[PDB]
């Protein structure tokens, strides 16, 4: 940071991250604070509050020592000078090639590198094995295609049980919707953006299949749980956690809660990679938060001590693997989970297999995550409305390129 492994001298370091990653953030900070003189003062911020909080703090130069941001948000923040240039420190890491590359790439602008992985968050398919058995489905057969996803959701919908639906769609969360829907497109070998991130390529047969799948469930009695049309992103993981949804895309960072509920006598959870339109094709969204040292830090060496510590396979095993969470370190993924719950090892295989993507655009929030983004309207038109996929896609590109 200035020293190789930074300075551990009893400095209080501030770290900001977001509510969806709260369980993993707690584990990381608890472990750091138990093993260092330095202490991290953790703030966990609601997902939708980070843009305005970071923007406001940038203007009053009160950004924290360590800022973690959604990997889709980082390219913009890094372009605005939110982060201190740590190119030489990242480039000195012996194990740089083991670190989740999408998170480093998110923070790469003009040869400068600003970020490392903080918490990996990947999208997977989860299903309720109890509802599957009740519906006459094989409880171990996750969907291998978007068609099979529809069939399984429809059999759970046909149970006609109070508050039970086949699937659930985060209708008003552009962010949840990229996370949940992009992988089906990538699984098929299609793209959602051009290489620059300046154009949307969403008007494709795989995206149309995915939207038509959710349209079918929208037009099925009990197809999509109540709340799907209004879901802001604040509650989208709750209906499945509550045992009310047959099958849906889901964050790996929320699965440990499900595995725990199951150990405590709750319903049994299936996990599989998100499938393509094409039988047996799979992908994921290589998301989560990357972290950098803010432009406002007066403890760069102490912040670097945290950044350095977390990249090590030791810390990655302690804070991720030993807590049943997916690590940001591929060497940790390949070595530290040999006796983990098979569903954890299945989740890790969607990183190791290499079929996932991290979308990179300076305009990503404005085009995708933002409330009433062109992407949110595109999905809404296609699922609950009349879609014009060509027109809606061009609305996304007009934000991506303008400017």
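Residue numbers count along the first chain shown, from 1.
For the pair 344-352 and 44-52, the record assigns the higher mean C-alpha temperature factor to 344-352. The mean C-alpha temperature factor is higher for 5-13 when 375-383 and 5-13 are set side by side. Comparing C-alpha B-factors across 89, 228, 115, 145 in the deposited entry, the largest value falls on 89. Highest C-alpha temperature factor among 184, 108, 152, 128, as the PDB entry reports it: 108.
For residue 21, the recorded CA B-factor ranks within the lowest third of the chain. Only modelled residues enter the ranking.
Ranked by C-alpha B-factor against the other modelled residues of its chain, residue 396 falls in the lowest third.
Annotation for residue 120: C-alpha temperature factor in the lowest third relative to the rest of the modelled chain, per the entry. Annotation for residue 299: CA B-factor lies in the highest third of the chain's modelled residues. When the modelled residues of the chain are ordered by C-alpha B-factor, residue 59 sits in the highest third.
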